[PDB]
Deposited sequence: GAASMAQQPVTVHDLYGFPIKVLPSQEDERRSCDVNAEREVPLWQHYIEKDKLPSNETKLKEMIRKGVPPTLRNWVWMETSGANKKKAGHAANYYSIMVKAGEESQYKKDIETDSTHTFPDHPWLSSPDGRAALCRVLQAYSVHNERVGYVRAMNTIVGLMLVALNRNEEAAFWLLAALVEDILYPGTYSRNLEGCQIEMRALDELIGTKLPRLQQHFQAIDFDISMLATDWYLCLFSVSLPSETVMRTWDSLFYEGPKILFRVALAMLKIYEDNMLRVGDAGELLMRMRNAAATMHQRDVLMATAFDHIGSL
């Protein structure tokens, strides 16, 4: 069985999320029809928190992330100049090799055209922003961006720029405080438990953060995190991370070994299909 975006992958969880998405359709249709997002920022934040329709993610993400504004502030041939320039990126080979073990099973991303597209975007970005260059985390991010953006490489390039340059803090990709605090405040049983087994949350959440959940969660669940990330900013990362720990807390407390807990939570995270409950839990304000 595959998900919406074609990744092979509870069935009730996904049906519930699809039916709830269907409820929002007439509201979103009104806006794309008028070719304008809601003026009311409170209303817009609420809508985005409930999930952008997949078919509108290019429309909404590219605007709320600021990628449209960045694109428009460069010449129209800019991406193509960067693609050509990236042909001699210092990172070309690393980018290529990092693709021999990412997306093994996606039918298009594992195709020659999909590999080439992903490489073009990353090599382009690596010369555009030489200070950042390329890091492995960006491979699966751009891969999911390509799939969510209907294989639009230039869109993916400008969304990646918005993310790295404007949304994430500077230095994110150069050579957790919040989450550990939140665990101690909101999940005191879990904190005692992590201390007792000497579990370092950064072993789990490092990839969560650097890869923006893209190697951790089912793709449709990831995109809901991205919906709010591209509108509200990077606090979404620790809010969703805490929500994951809240949701699987009962599960973790019965595991008496740090390595075991890591494997079990990675398995749990990989089948987190209830994207509605994940986001609603991330924003619930329980404990405030």
| item | value |
| --- | --- |
| Deposited positions lacking CA coordinates | 1 to 11, 21 to 25, 192 to 199, 313 |
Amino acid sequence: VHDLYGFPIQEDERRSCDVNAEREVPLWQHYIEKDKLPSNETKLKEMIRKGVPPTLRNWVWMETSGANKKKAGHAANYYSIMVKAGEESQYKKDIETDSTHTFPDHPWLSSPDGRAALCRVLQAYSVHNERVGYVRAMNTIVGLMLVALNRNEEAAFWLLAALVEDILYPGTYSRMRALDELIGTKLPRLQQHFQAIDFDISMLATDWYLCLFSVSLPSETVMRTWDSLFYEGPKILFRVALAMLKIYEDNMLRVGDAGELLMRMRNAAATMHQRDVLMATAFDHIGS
From here on, numbers count along this sequence of modelled residues.
property: Mean Cα B-factor comparison, 96 to 104 or 135 to 143, giving the higher one as deposited; result: 96 to 104
property: Residue range whose averaged C-alpha B-factor is higher in the record, 202 to 210 or 107 to 115; result: 202 to 210
property: Highest recorded Cα temperature factor - choice among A85, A148, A76, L182; result: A76
property: Residue of maximum C-alpha B factor among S219, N58, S65, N251, per deposited coordinates; result: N251
property: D257, C-alpha B-factor rank within chain (lowest, middle or highest third); result: highest
property: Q123 CA temperature factor, ranked by third within the chain; result: lowest
property: Among modelled residues of the same chain, the CA temperature factor third for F194; result: middle
property: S39 - which third its CA temperature factor falls in, relative to the rest of the chain; result: highest
property: Ranked C-alpha temperature factor of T271 among modelled chain residues, by third; result: lowest
